[PDB]
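Each remark here refers to the structure printed beneath this line.
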Amino acid sequence: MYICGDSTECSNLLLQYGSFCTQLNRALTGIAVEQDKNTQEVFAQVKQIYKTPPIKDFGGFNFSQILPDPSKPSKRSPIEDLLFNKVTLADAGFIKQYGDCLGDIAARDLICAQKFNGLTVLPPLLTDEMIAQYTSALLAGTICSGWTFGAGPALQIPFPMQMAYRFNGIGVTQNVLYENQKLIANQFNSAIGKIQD
Amino acid sequence: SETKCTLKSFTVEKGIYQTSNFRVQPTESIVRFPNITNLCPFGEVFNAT
Amino acid sequence: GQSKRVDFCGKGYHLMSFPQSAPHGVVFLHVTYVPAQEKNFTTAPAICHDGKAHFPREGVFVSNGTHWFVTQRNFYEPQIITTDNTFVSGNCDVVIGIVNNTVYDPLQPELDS
Amino acid sequence: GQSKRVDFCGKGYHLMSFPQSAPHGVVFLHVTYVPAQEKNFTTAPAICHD
Amino acid sequence: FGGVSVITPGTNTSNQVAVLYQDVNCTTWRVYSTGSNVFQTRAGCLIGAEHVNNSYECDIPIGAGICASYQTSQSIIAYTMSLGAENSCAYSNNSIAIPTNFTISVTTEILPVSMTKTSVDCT
Ligand SMILES: *[C@@H]1O[C@H](CO)[C@@H](O[C@@H]2O[C@H](CO)[C@@H](O)[C@H](O)[C@H]2NC(C)=O)[C@H](O)[C@H]1NC(C)=O
Ligand SMILES: *[C@@H]1O[C@H](CO)[C@@H](O[C@@H]2O[C@H](CO)[C@@H](O)[C@H](O)[C@H]2NC(C)=O)[C@H](O)[C@H]1NC(C)=O
Ligand SMILES: *[C@@H]1O[C@H](CO)[C@@H](O[C@@H]2O[C@H](CO)[C@@H](O)[C@H](O)[C@H]2NC(C)=O)[C@H](O)[C@H]1NC(C)=O
Ligand SMILES: *[C@@H]1O[C@H](CO)[C@@H](O[C@@H]2O[C@H](CO)[C@@H](O)[C@H](O)[C@H]2NC(C)=O)[C@H](O)[C@H]1NC(C)=O
Ligand SMILES: *[C@@H]1O[C@H](CO)[C@@H](O)[C@H](O)[C@H]1NC(C)=O
Ligand SMILES: *[C@@H]1O[C@H](CO)[C@@H](O)[C@H](O)[C@H]1NC(C)=O
Ligand SMILES: *[C@@H]1O[C@H](CO)[C@@H](O)[C@H](O)[C@H]1NC(C)=O
Ligand SMILES: *[C@@H]1O[C@H](CO)[C@@H](O)[C@H](O)[C@H]1NC(C)=O
């Protein structure tokens, strides 16, 4: 279609070396498949989808800006909602409609110009909602079980003890956390608020 | 020498170079046509009344 | 060697690996440790003895229905909470979630005997 | 997990991270511990007792 | 205009085929045929497959969360894929789970190391 759009005579001549069209398609297909694989490897690390826990005091640690906002039609966290609003995509949805490209001649829409010349954009396998669910599962797991989540069974732990282990990890004796728990939680909460802004 | 020509050099560094292919030359030719004995009717085609 | 990178050398905690050859490539066998059966125990940040606050040195404070013990984090093997298993830092006024119980001193019976 | 690799999971000492979704990608929030106020003390490699 | 792709069970099993029309909204023309079994996905109008409410693991991916498979008398079906097992952890400020036993597990990993070496005589 790109080379010989609507031309019988051109098509018959294209066939004198059409084995080249096949190779172009083979290469693009390989890319298209890879792109869904990449998405799955980054996000589908955990095949156990843990329900986001009710928000309860986690020891002064406020995760409401990273966890899904239930009031939204799409349960994105406040930060994710911002990230999605900021990145601009050329179009939305994968159905373009011949009838709409035929009707709206005046807009000279680039997407229709691409479609009529044989250029097509394919849909992703996972939707944004599906990605959000994987992200939420990872956060839910992290908050209730720390790293045991990835190692095997998710073993519940009080959030502040999870932090104590993380402090001993970096090399600061855990009593520091427990003595400064309110300070630490407040700085944490402040930092998250600053990121969204 | 084939290596030297390929590399455009009169000096070759230590290593392995590919040098085309072993080739075989023909020694004689064979001509085979059907054993046709008649001349075509040039007279009839060009000398018609 | 032994890697500490999560998911780098397989799932679970890595212990060791063994290579095997293959046409055009390598196949690794990764041996890992995976936690299995588990139990639900009550816990607390610290044990209050005589007004001083005791923290575990290498473990977590764990309670069964009636008693407190200290265990290693990755395996349920209860120890008596003693002055050798804990360290002391600060008093019992600051830490949230402090429980009492007692901390055993191995020297006192020697002084008495 | 928790990582010991320098600056791999952000500058400072790594404590934990939280992923967030974005169109065509991933955004990580990395929480790290950073030393703040500090003082200069005299030091020695060892103490000589008896 | 365009947008056509074909979903095929292997031909060594059956010759039933479902066809996806990427730019068609059946909620029904600019298709080669209908014949019922018309399901609208966000990836196009899928004709020749039965949509079911049973979510399963994905086999032949279509797009936008929809995946197909061949099953029971067997026909092509479509469904929204499962992302994983449902699970749940408890969260409490005074309760900890501690392993009491372990498993030694050995898993494998496969990586390419080298590619076939070739050489070409252009003449
Ligand atoms: C986490 O912090 C946010 C502020 O960033 C808190 O949200 C506010 O809550 C009060 C009380 O309901 C409302 O009047 C404000 O309008 C909210 N502000 C915003 C920006 O939403 C939230 O309650 C805190 N959550 C926890 C668990 O501490
Ligand atoms: C360590 O640093 C923190 C953070 O700056 C200090 O906490 C602040 O102290 C001032 C003065 O009292 C308050 O106005 C701020 O509101 C506190 N910040 C927070 C997040 O609570 C702390 O005093 C410093 N000294 C220590 C721990 O000894
Ligand atoms: C918590 O652990 C303690 C120590 O093992 C258990 O107490 C012992 O129980 C045995 C009988 O099974 C007695 O012979 C010992 O004399 C007890 N020791 C002490 C210090 O009392 C205790 O029963 C366990 N608690 C629960 C609820 O199972
Ligand atoms: C640990 O034991 C101490 C006593 O040695 C308890 O402290 C008393 O708590 C009551 C609470 O109503 C106060 O009125 C007393 O004045 C406190 N006495 C002293 C000496 O501090 C403490 O509450 C116990 N803690 C736990 C977790 O059981
Ligand atoms: C045609 O006929 C003449 C005699 O009239 C003769 O000389 C000539 O060679 C002939 N041409 C051919 C092609 O045979
Ligand atoms: C631990 O407690 C939770 C919450 O009550 C429960 O769902 C789980 O089955 C318990 N189990 C263990 C240690 O197996
Ligand atoms: C744990 O949460 C309960 C409320 O569900 C509260 O009464 C209790 O004091 C809390 N304990 C600690 C150590 O935070
Ligand atoms: C088809 O058209 C209807 C009516 O405008 C719309 O609600 C629906 O979302 C469209 N379907 C797709 C896949 O876009």
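Quick note: numbers on chain A are straight from Swiss-Prot, i.e. 740-936, in order.
Heads up, header says this was done by electron microscopy, 3.0 Å.
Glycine is no exception: its Cβ is also placed from the backbone N, Cα and C atoms.
Disulfide connectivity taken from Swiss-Prot links A:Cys743 to one of A:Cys749, A:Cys760, namely A:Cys749. Disulfide annotation in Swiss-Prot: A:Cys851 is bonded to A:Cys840, selected among A:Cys840, A:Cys883. Taking Swiss-Prot as the reference, the stretch among A:751-771, A:835-855 described by the feature region 'Fusion peptide 2' is residues A:835-855. Of the listed disulfide-bonded residues, namely A:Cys743, A:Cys749, A:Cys840, A:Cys851, the sparsest Cβ surroundings within 10 Å are found at A:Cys749. Remark: A:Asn801 (N-linked glycosylation site) has A:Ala924, A:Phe927, A:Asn928, A:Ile931 as non-local neighbours, by Cβ distance under 8 Å and separation of at least 6 in sequence. Annotation note: A:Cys851 (disulfide bond) sits in a helical segment as assigned by DSSP.
Checking the recorded positions A:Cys749, A:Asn801, A:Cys851 against chain E with a Cβ-Cβ cut-off of under 8 Å leaves no residue at all.
Proximity to chain B (Cβ-Cβ distance under 8 Å) holds for none of the disulfide-bonded residues A:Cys743, A:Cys749, A:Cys840.
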